[PDB]
Amino acid sequence: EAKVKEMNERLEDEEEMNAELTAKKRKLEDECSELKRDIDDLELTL
Amino acid sequence: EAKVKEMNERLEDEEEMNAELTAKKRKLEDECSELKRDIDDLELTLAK
């Protein structure tokens with residue numbers, strides 16, 4: 001059960017690092033989106 | 001013994017998921033840097 005415990009626990013550390021990386025990933029997909037827009041709008045006069 | 005091994009595996013997987021999703025993230029960080037410079041330098045030749 002001790003061996004059971006520190007693994008459950010460490011999973012929680014890890015899973016939250018991973019939770020962060022996907023939330024950080026979201027906003028960056030979104031930011032890329034709008035940056036790619038700013039270009040493709042602007043190039044429609046060149 | 002089972003829940004022990006099962007949690008071992010998941011740990012190795014989460015440790016690597018950390019590495020994987022960060023390589024995905026990074027590719028977007030890189031892109032979001034570059035796209036910004038391409039927005040900017042285009043205008044930096046366009047401006048008066």
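The record names cryo-EM as the way this model was obtained, at a resolution of 23.0 Å.

Peer 1: Can you walk me through the overall build of chain A in this structure?
Peer 2: Per the secondary structure count, chain A includes one helix and zero strands. When the accessible surface of chain A is totalled, it reaches about 3,600 Å², and 50% of it is carbon and sulfur. Distance from the positive charge centre (9 side chains) to the negative charge centre (17 side chains) of chain A: 3 Å.

Peer 1: Looking at this model, I keep getting lost on the nonpolar core. Mind explaining?
Peer 2: Within soluble globular proteins, side chains that are nonpolar tend to cluster in buried spots. With eight residues, the main nonpolar core is built from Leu28, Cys32, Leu35 and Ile39 of chain A together with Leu28, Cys32, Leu35 and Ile39 of chain B. Contributing elements (two or more residues each) for this core: α1 (2-42) of chain A together with α1 (2-46) of chain B. Judged by nonpolar contacts, the second largest core, of six residues, contains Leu11 of chain A together with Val4, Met7 and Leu11 of chain B.

Peer 1: How should α1 of chain B be read in this particular structure?
Peer 2: Each turn of an α-helix holds 3.6 residues, which means side chains three or four residues apart point in the same direction. With 45 residues, α1 of chain B extends 65 Å from end C-alpha to end C-alpha; this agrees with the ideal 66 Å at 1.5 Å per step. Its buried side turned inward, α1 of chain B meets α1 of chain A.

Peer 1: It is not clear to me how the pattern of salt bridges should be interpreted in this structure. Could you clarify?
Peer 2: Pairing between side chains of opposite charge can happen when the charged atoms of each approach one another. Residue and element names in this part refer to chain B. Using the criterion set out here, one finds 12 salt bridges over all chains in the structure. As a salt-bridge pair, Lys5 and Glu9 come within 2.5 Å of each other at their nearest N and O atoms. With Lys5 and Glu9 both in helix α1, this residue pair falls four residues apart, about one helical turn. What makes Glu9 partly exposed here is its relative accessible area of 42%. When the shortest N-O distance is used, the salt bridge between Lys25 and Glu29 registers 2.6 Å. Of this pair, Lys25 and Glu29 both sit in helix α1, separated by four residues, roughly a single helical turn.

Rules behind the numbers
Residues numbered from 1 in each chain as written, not as in the entry; some residues may be left out. Chains lettered and ligands numbered in written order. Part of a larger assembly, values for the part shown. Heavy atoms only, no water. Helix = DSSP H or I, 4+ residues; strand = E, 2+ residues; numbered from the N terminus. Areas by Shrake-Rupley, 256 points an atom, 1.4 Å probe, with all protein chains shown as cover. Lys, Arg positive; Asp, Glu negative; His and termini not counted. Charge placed at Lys NZ, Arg CZ, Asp CG, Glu CD. Core = buried A, V, L, I, M, F, W, Y, C linked by side-chain atoms within 4.5 Å. Buried < 20%, exposed > 50% of the residue type's maximum accessible area, 1.4 Å probe, protein only. Expected span 1.5 Å × (residues − 1). Contact = heavy atoms within 4.5 Å. Salt bridge = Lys/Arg side-chain N within 4 Å of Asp/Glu carboxyl O.

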